[PDB]
Structures are given as C-alpha cells and as structure tokens.
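Participant: no sequence on hand, only this structure:
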C-alpha cells in the first residue's frame, strides 16, 4: 500500500497528494494496500 496496515489516513493524504479525494486500505486484504477512491480530475 502506502502506509497501512495501521495508516488509513496516509492513504487519504497520499491520494490527496497524488490527485484524489480519499482512499482506503483494501479491507478485503486485511488492510495492507493503499487504494484511492473519488478523484477530482475528469473532463
């Protein structure tokens, strides 16, 4: 991911730093990855 496990805010900040709104750690992967959800960069 990019912070997890034990770093869900790091994914949001990382998603906000990259170009998104807020992400989350694959809750289906025991929270490890750092996915990005909702982004403001389309058309």
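Facilitator: Received it, and whenever you're ready, just let me know what you need. Numbering: from 1, shown residues only.
Participant: CA atoms for contacts and neighbours, from now on please.
Facilitator: Will do.
Participant: now do the contacts for residue 36.
Facilitator: By C-alpha atoms under 8 Å, 6 or more residues apart in numbering, the contact set of residue 36 is 11, 12, 15, 20, 21, 22, 23, 24.
Participant: wait, which of these is closest to residue 39?
Facilitator: Using C-alpha to C-alpha, residue 20 comes nearest to residue 39 of the contacts of residue 36, at 3.8 Å.
Participant: state the distance from that closest one to residue 30.
Facilitator: Distance of residue 20 to residue 30, given as C-alpha to C-alpha, to the nearest Å: 23 Å.
Participant: tell me which of these two has more neighbours.
Facilitator: Taking neighbours as other C-alpha atoms under 10 Å, residue 20 and residue 30 compare with residue 20 leading, 17 against 10.
Participant: isn't that one up against residue 11?
Facilitator: No. Judged on C-alpha atoms under 8 Å, residue 20 makes no contact with residue 11 at a distance of 10.1 Å.
Participant: all good on my end, thank you.
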